[PDB]
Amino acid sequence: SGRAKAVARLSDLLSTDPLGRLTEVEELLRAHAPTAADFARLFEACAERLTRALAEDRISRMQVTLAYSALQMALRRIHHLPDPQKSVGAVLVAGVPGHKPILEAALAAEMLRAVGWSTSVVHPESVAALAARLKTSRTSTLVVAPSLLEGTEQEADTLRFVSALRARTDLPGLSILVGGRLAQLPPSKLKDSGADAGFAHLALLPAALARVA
């Protein structure tokens, strides 16, 4: 299928010269990712390899950082849908304060716009700043975008963030969806945390979003 091959080749470019060979990175991505869901699947496969390479000291934090930025520029180059004319609903896609899931959040938005959600991305300074946004925009669904390559969220940190949001009394019937490592928790222990649904991988977000909203 040249799926594993795409991953290998792209992983290699990202590890050696992501910003110098950006054009080749993009060619590979637009050839193997017609949709943002395909991009996301490709990204997570590559992130597994870079993460392993970092763990084995075959690359540096700086190299992962350069690859991450390269991927962001590649994504906007390839995928950039406007809001749907008439949406199926309003979704807010947000990172955990102190973290910056830039690619993941933008990948999330592109998937949900692709099937008719009016989406907005937010990188909030704090819980209080996010809550203020929620009310003001009267949004009913919040997707917490996981950081999957660098500046990852410790499980207890996303949980605390979700809890803090719930702890407030100015959020009625809000749908919270969480990703990354939290989505590996049992359904029981998840609703206990305040999340209504987990999505184990980015591409699984649209299916998860339909089941709850």
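Numbers for residues come from their place in the sequence shown, where the first is 1.
Between 188-196 and 16-24, it is 188-196 that carries the larger average Cα temperature factor according to the deposited entry. The stretch with the higher mean CA B factor, choosing between 163-171 and 40-48, is 163-171. Placement of the Cα temperature factor of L29 within the chain: middle third of the modelled residues, per the deposited record. Among all modelled residues in this chain, the alpha-carbon of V96 has a temperature factor (C-alpha) in the lowest third. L75: CA B factor in the lowest third of modelled residues in this chain (values from the PDB entry).
When the CA B factors of the chain's modelled residues are split into thirds, the value for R133 lands in the middle one. Per the PDB record, residue ranking by Cα B-factor puts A106 in the lowest third of the chain.
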